[PDB]
Structures are given as C-alpha cells and as structure tokens.
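Just the one chain here, the form deposited in one PDB entry, laid out as structure tokens.
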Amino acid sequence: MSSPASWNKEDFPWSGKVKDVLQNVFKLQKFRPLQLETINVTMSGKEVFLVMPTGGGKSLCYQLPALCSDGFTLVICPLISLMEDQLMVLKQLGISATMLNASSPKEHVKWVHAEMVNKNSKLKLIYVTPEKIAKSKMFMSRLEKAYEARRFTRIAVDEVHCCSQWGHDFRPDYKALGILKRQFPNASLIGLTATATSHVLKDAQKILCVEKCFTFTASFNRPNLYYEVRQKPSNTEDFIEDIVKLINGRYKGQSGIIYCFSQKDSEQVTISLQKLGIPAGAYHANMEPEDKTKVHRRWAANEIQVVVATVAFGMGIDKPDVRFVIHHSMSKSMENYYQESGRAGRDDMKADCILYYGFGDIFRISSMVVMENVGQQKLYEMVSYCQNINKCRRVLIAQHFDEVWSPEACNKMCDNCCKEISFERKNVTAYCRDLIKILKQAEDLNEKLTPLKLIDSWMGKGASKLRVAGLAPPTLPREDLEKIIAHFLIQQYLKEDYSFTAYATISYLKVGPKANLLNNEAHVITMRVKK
C-alpha cells in the first residue's frame, strides 16, 4: 500500500472547490480518514484504489470529485439495489444522477444516451452495471463520443474486488472492465472495496489495466467499539426479553442495529420488539427504494429506535450515531462480523457490538453455508471466537485483517479485556469416549443423530433405542453438554454430517477425524473454563 500522508493536504488548486462542495452540497463538515487523500489523487487525474470498511464513506471519494469536475463520472456498480441506494442519497441532495441496467425502459436509455453527449447536461454521475460495458454495443459508442467530447472524465468501479477471481462475489462481466482504461486512457479510474486480500487487489488492477496505481487503505481497527459475546438463551421469548432488557438498561432511547440470520428471524424480532416497548423497523436489501426511505427517515427521526436488518449483500443502512449493534445470531464469518458490527459508532464515540452465541446457531448456519467451499471453516472460526475467554477480542478479529489493522492496544474495549476472571483447564476425555459410544451405536443402527438426539441420549432421554446400556448420564446442565460438544466439534473429535432433505439441509453429528487419538489411553482432551 501507498502512503497517503503527502495527500492529506488542502493546498491543491481544487481544494477550495472541494471544501465548498463538501459543506454546501453534501452538508458534511470534515473528511473521514483517507477521504481527502483519495479525492486529491483522483482530482490530480491519477489512478487510485481505496480499501475502506463498509460504512466508512467510500462513495464520497468518487461522488465529490464528479461534482467538482466538468461532465460526468461513470460508476460501475454490481447491483441495481446498490445503485438505487446511491441515487436515493444523490437525489435528496439535489444532485443530478441516473442509472442504466438491462431492464431500463427504452425511453430512458434514449434519454441517457443523449444526455451523455449533451454539453449542457446536469448529469454528474451515471451508474451502470458491468453488462452495460461488456454486452451493450450502443452504450460504448456513446461513451466513446462522450469521452471525445471531454464530457466523460472519470471512472469509478465500486466493489472492485469483483474483478479478481479470488474474491467475494465474482461477477463475470467485471473481467471485461479492463476495456475502460484501454479505450479511455485520459479518464481517471478509482477502485473501491472493503476487502483487502492483496492478491485480489493486485489482480484487480491487472484486470483493469490500472497496474500499479496508488492504493490507500484505512485503518480497520475501530478503537471506540466495545466487542462483547453473550450467551443466547435457548428459549426464544427469554432471548427477546433479554434483548429488551439490554436496550433499556444500557441504550435507553439510542439508535441501534440488530442483525438476524434469516428473513423470518428479522421480521419476527421486529414485531416482538414492538410489543415489548421498543420501536423497531425491518430493513432489507431487496426492498423498494420507497420502502428503504421509509425506514431511513423513521430511524433518523427516532420514530423507530432499532433497525432489525438481515445479513445480505446490499445493506444500505448507515447512521453516524449507531450506539449498539446486536447480533441476534453469529455471522457466517469473522470478516462478515467485523463489517456488520462495524456499523456502530461512526461518530467516533463509544459504541457497543454485542454478539449472542447460540449452540443451535452453529448447525443452522453450517447447514446454510454447505455449498460454500470454505463455509464450514469460516463459521467455525466465528464459533471459536465466541468460545474464546482468554484473548482480547480485538486481537482475534485483527487476525483476519492482517494487512489493514493497526497493532493499537484495546484499552479495555472488549469483554475479555475487562472481566477480571481466572481460567482453568478441565479434563473432558471421558465425556468424549461416551459420545463416541452413543454415535457408534447409532452407526450400528443406521441412525443419524442430530445434536438434539445426541444430547438426549447422553442425558438418558429420547428414543431408548439410541441410549447405551451402561452409560450413566453426566449430571451436568444441558448447556454445559452443549459447550462440551461444541468444543469437540471445533477440535474435530466430532464432525458435522449434512443430510439434504426435501426442504432444507440438516446437520448430524458423527465421529470426527481426531477421535482415533482416544485409542491411545495417554491422550487427554482438556477444556478451558471460567473459574
């Protein structure tokens, strides 16, 4: 990555117009880190890649230069919902912008096509899907005439990581976006993304023929965020009651976000929150722009205090004063959890990120990510984070952001750093040999045990056909047995087995690959517990 320090100045020829536009058009007071530096590189006509967390303020880095320049900026966006999010903001500020996609009606294409070459056009930003570049002969011809006419001046590729083959959400049409620099060399190009994945980045600039460009990365550590992991109650109504108790206790009247795993979860939490005295509203990426406005305005006006969102690509909820982000269920990955929880405290003031860890959520999420080649490994990293009690949470998260995370100290801004608790290693080897007996007897019977069935047999319940004769139940609460099995799953003494049923993927437990170590009587399985 390049050093931005030299660009963190307001002594450029355009600096006066930039500060004008920032305050009197966008109605913002100061730049966030790396905004001015990225803008200055683009404004100087140079190529730049910006790596900044979701919610960090990337859009401004190309929207503002468009408003300070002649003509328009072409923005490459992967989703129509993402373009509508941007057009909603730009429309509210009184900025002329538009979009083109495959489903665009003919009368609108004819309009945009003509406005691109119209020297008296108000259009400053034109958002198009990569298909408009690869699979539209007509649009390219207008771009060529716009470019020759000095009206097409800048290129912005949002979600530039889609270019590379080794990154999230690869779009095939992004590969062809290298044509832009080859055909329009005097147009500066900016790449925006929240991953860092340096291979993905160095590769994206090669696909874009923008090799080596300035590459700026923001510091991903958010020192004002307090990270916490809580036990998720087994009872759904006890869980929603604990959430309402937590909101009124700590965050009385403050705006917050609740992330749910599923679309059903998000909707049912909202009505439960409403009954329990918390004004809440759901937000989804598939929503109509007028529905998104409905939520955004009620959230800003404190009509609804909590926005219950469901984890999906297209989340356009950004408020500067989000005081708490609660994860109703854990994320699919550590990278996802950082970005989702990172929507808190964008006003640089203290904000809490509360994660509710549930044993059942391990298998519900594992089953949903079965088709992702590394879905299980990525989820078990999240579960391992929930299980950790002896490491700073900021250190655990930073492990996934190695190139973009300052070593900067946590300063008691996570629960593990704050709690003055001692730990102790317990022997759980005999419990593992018990679980393997139950599972082997189910194999002899051709019975697949879910965690529910496996725990039930362990306790002396469930089908007596799945119980083992001499196996005394452990005399431990059901959630200690859950903790033990979760430990055996991460350490791969147990392993998941997926079963595809007509309507859903289901998780079963099976003898894991490390269970053979228990043939040597000297092998001891321990567990760190709170003392």
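Residue numbers here begin at 1 and follow the sequence given. Just so we're on the same page, rigid core means the largest C-alpha set that superposes within 1.5 Å between forms.
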{"query": "Between the two ranges 246 to 254 and 372 to 380, the one averaging a larger CA B factor in the entry", "finding": "246 to 254"}
{"query": "Average Cα temperature factor in the PDB entry - higher stretch of 317 to 325, 198 to 206", "finding": "198 to 206"}
{"query": "Options 142, 154, 222, 425 - largest CA temperature factor per the record", "finding": "142"}
{"query": "Among 361, 335, 352, 211 - the residue whose C-alpha B-factor is largest in the record", "finding": "211"}
{"query": "Cα B factor band for residue 529 (lowest, middle or highest third within the chain)", "finding": "middle"}
{"query": "Third assignment of residue 343 from its chain's C-alpha B-factors", "finding": "middle"}
{"query": "Cα B factor band for residue 182 (lowest, middle or highest third within the chain)", "finding": "highest"}
{"query": "CA B-factor ranking of residue 503, expressed as a third of its chain", "finding": "highest"}
{"query": "Chain thirds of CA B-factor: placement of residue 453", "finding": "middle"}
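The form deposited in another entry is left out here; the points below concern that form.
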item	value
Residue from 178, 451, 167, 130 whose Cα, after superposing the rigid core, lies 2 Å or more away between the shown form and the other one	167
Post core alignment: residue 490 C-alpha displaced by 2 Å or more between the shown form and the other one	no
Cα displacement of residue 28 between the shown form and the other one reaching 2 Å, rigid core superposed	no
